[PDB]
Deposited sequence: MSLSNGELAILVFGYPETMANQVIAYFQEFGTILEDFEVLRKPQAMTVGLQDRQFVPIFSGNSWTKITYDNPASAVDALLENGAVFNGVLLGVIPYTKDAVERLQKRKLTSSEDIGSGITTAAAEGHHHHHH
């Protein structure tokens, strides 16, 4: 149910997270999604994002290769192995 989004300049992270809310409710407590528990895994140019349901993840994944404000975004299914190699 989680994806890894990647390839963006760090200055752009929140815009990217915000965009990915369009696919489903996000479980991580990112500041930019906060109204008025999964833990946040992220680094420079990548974040894990976790949805409520399989449909949302499947739909987000279709954004793989999309151009977003002049950069290419990557989207892949989350795996423990990948996040481990990144940290």
Tell me, which runs of residues in the deposited sequence have no coordinates at all? 1-7, 44-54, 106-132
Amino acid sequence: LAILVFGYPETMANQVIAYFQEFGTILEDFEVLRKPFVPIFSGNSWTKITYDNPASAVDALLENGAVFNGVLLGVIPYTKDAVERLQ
From here on, numbers count along this sequence of modelled residues.
Output the stretch having the higher mean C-alpha B factor in the entry; the candidates are 40-48 and 53-61. 40-48
Quick tally, chain-level thirds of C-alpha B-factors: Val75 sits in the lowest
Lowest, middle or highest third: where is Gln21 by C-alpha B factor in its chain? lowest
